[PDB]
Every structure is written in C-alpha cells, then in structure tokens.
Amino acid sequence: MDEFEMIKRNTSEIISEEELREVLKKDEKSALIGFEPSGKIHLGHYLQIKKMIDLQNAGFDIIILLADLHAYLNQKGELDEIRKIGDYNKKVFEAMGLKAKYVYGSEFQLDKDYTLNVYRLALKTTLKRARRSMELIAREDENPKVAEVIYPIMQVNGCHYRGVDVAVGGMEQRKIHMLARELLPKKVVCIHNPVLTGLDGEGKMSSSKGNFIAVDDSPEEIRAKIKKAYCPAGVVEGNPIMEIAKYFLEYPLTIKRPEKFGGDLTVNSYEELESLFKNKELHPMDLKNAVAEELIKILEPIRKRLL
C-alpha cells in the first residue's frame, strides 16, 4: 500500500522509478493520460483509469486528454463527432470514480506555438522512426498517410502539458514515449500499463477489433464473452481471463464450484491462482464462472451510473 508500490502495482514499467520517487516527495504532483475517444469503453481503458485513480489517491492532480485531433489524424472521423464520443468517454471515466480535469487536444494543440514546436520536432524526428512508433496505433491503411507521422510528434509535444510530472499510457505507446524522452528538454516519468489480450487470445484488446468487454456490457453479455473466451487449461501467458483475474478482481477470491469437483476454493492472491491454474488444478470453466461473476459485480456501479 506504500504509495510507490501501489502505483507500481500492475504496471509494466516506469521510466524511471528514481524520478518517480523524486515526484512523490512534492506537494503538487500531476499526471496525464490521453485517449483517442472510443465508441465503447472497455477493460483496457479501465485498467489505465484504475491506475490514474491510484495516482489520484497518491495526491496527484489528474488530467485526461481526450485526444480528438489524434483520433482525427488516425482516421477515426470528423472532429465534431469525435468530440461527442469524447464527452461520452468523460461520463464513463467519471462513472469509474475518477476525479480529473478533462481537456480536448484541440483546445491547445492548434495554437501557433504548439504547431511551431511540432514542426521543430518534425526536424529532429525521422520518418522511419515515426512510422516505427505507430505500428501498434496506426489505423491499418494499405497506403499509409502523412497524418500517420504527424500523430506521434504531436503526441510528443503534448506530454509536457501543464508541466505534468508523470505521463501514463499502455505499452503500445512506448515507442512514442521514447521519442519524447529523447527529444524533449525536461523528462517526465513514463508509467506504462500492460496491454490486455483480446478475448479470442489472438491479438490485443481493441475497440476496432471487437474482442473486448465493455464496462457497461450487460451481465448476460459479459458471461457470453467470457464463455466464448480463449482460456486454455494450464496456460496463463496470453490468457485474457487470467489477465482479468490479475488486474481487476479483489483478493482473497472465493471461486465457488460444485463439491463434485473440489467445492468452493478460496485464493489469497493472483499468484496463488496462477499455480493452481498452471497445475490444471483449477478448470477454465470454474475460473470463468468466478471471473464473470466478480467482473459483473465490479462493473455494476459503473453500468448503473451510466443510466
């Protein structure tokens, strides 16, 4: 529960833990995350929002960048409409219990000086490298657009927004974060969150891939996605259900299951759950039932708030 450790819990990485220590010591600390507005808000978003809440709980002021022109540059549609999706995403984040100030990229990302710095960065950023930073983010396009390489350098110019101490993102953001680390004068702590695996286990969870559990999915919908979900006995790596168990559920967890095979089993950490599953001592069916029911309970307040 040590702040540093609660912040670190379930992150992939923190560049750098030292700097982070330096930031925790300050009275005023602030942290930033940015999202291309998404028509559906899913566990991937929630993982990251959860982490912002940890930070908020550690006395950080939180900023949410509703990245409308990033979405525009990444071919998500017309600004006007991207904005209204963004405003919907705000509601959801508020429903998740975030206490944040919300900003649309467009509010400041088209300022003369902002673009002038974007063009300054474009001089120091190679095409090869900008392309490389967008592999995990760029909307698939057989004929890649100039917009693709503008996107990252605009992102980089926004990382220092309101002199934030810390920036948060999924691991797919890290090549762009690295560009920023290098190019920008003052360093901010990157905190990176892991990318959840799709329910079919085939890629990583995304809105455009339809392999996700949305935070306002119906319970019937949650049970069915999870029933359908890839979850091979003994395999944890690439198992989205394990992932959910690791990242969302409270412990101790009380996996109810028929006496016929074991009866109710009580586990005290995700690590205990891991070996039980590795052994093939907990069956995917039983795992799924416990996960689905706990998720439904977890997600219920948020679902509820959204009406």
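Throughout, we count residues from 1 along the sequence that is shown.
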Pick between 267-275 and 53-61: the one whose mean CA B-factor in the entry is higher.
267-275
Entry-level comparison of average CA B-factors, 156-164 and 221-229, reporting the higher stretch
156-164
Taking the Cα B-factors listed in the entry, which of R120, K128, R83, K145 comes out highest?
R83
Considering only modelled residues of the same chain, in which third does the CA B-factor of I255 rank: lowest, middle or highest?
highest
Based on the entry's values, in what third of the chain does the Cα temperature factor of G170 lie: lowest, middle or highest?
lowest
Modelled-residue ranking by C-alpha temperature factor, third containing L20
highest
Ranked by Cα temperature factor within the chain, is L249 in the lowest third, the middle third or the highest third?
middle
By the record's CA B-factor, is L79 among the lowest, middle or highest third of residues in the chain?
highest
